[PDB]
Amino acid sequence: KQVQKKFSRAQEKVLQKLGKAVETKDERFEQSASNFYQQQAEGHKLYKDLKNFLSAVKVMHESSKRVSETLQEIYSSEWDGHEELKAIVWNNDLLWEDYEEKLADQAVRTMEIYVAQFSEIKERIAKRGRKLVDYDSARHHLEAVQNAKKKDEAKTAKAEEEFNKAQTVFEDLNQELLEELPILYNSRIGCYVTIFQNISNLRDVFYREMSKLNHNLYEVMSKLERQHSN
């Protein structure tokens, strides 16, 4: 009977689009569903941006590694600062890798988890939609049975029970989503706070640690210059 319900639903929907049947107005919930889709779209966009940010960090890392490798190739082992340069180059690579792993774990993964939560809510919104069409389909059938020339009390009674069942199942989903949607909508704030405080914390460590190695790099060049001074 799950198959036949799907046929009566689709028939009700097409009769509504053809101006042959009236639908239950649902403009208030549609505004709520619109906010939900906007929130999910925003979330998906930030998620793709964060993956692109992580990919750009890896590009920055590799180009920095390329410069440091050529510098090590051209830096003679006869020169002062050669051993210190190796430590700078190794630790630079370690900071980039640590930063990439922590970005993936604290920012990209956190965003993936937030975005993945919308899937079950979207399925419930879709189900609520189907139950509302079931209700209008049950009203249309009830009105046709009641308006028939040949009165059939048993057909009337079945149409009336289907009406009642469709109202209750729709209202269960409607009550659940009207409670969940504003709480989910408000939770986007906490999501943005977490993501950007995590990025901020990780970059502060990154700047402080990179500044130390960067200062050592200047000192390596000072040692090289002094060794060859007249």
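The first residue of the sequence shown is number 1, and the count goes up from there.
**Q** For the stretches 198 to 206 and 58 to 66, which has the higher mean C-alpha B-factor as given in the deposited record?
**A** Looking at the record's C-alpha B-factors, the answer is 58 to 66.
**Q** Going by the average Cα B-factor in the PDB entry, point out whether 212 to 220 or 9 to 17 comes out higher.
**A** Averaged over C-alpha atoms, the B-factors run higher in 9 to 17.
**Q** Of the choices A148, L103, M111, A159, which one's C-alpha carries the largest B-factor in the record?
**A** When the deposited C-alpha B-factors of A148, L103, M111, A159 are compared, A148 is largest.
**Q** Considering only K45, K165, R28, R188, which residue's Cα atom bears the greatest B-factor as recorded?
**A** That would be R28.
**Q** What third of the chain, by the recorded C-alpha B-factor, contains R139?
**A** Lowest third.
**Q** Quick check for you: using the entry's CA B-factors within this chain, is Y75 in the lowest, middle or highest third?
**A** It falls in the middle third of the chain.
**Q** Quick one: classify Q38 as lowest, middle or highest third of the chain based on its Cα B-factor.
**A** According to the entry, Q38 has a C-alpha B-factor in the chain's middle third.
**Q** Split into thirds by Cα B-factor across the chain's modelled residues, where does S32 land: lowest, middle or highest?
**A** Highest third of the chain for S32's C-alpha B-factor.
**Q** According to the PDB entry, is the CA B factor of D93 in the bottom, middle or top third of its chain, that is, lowest, middle or highest?
**A** It falls in the middle third of the chain.
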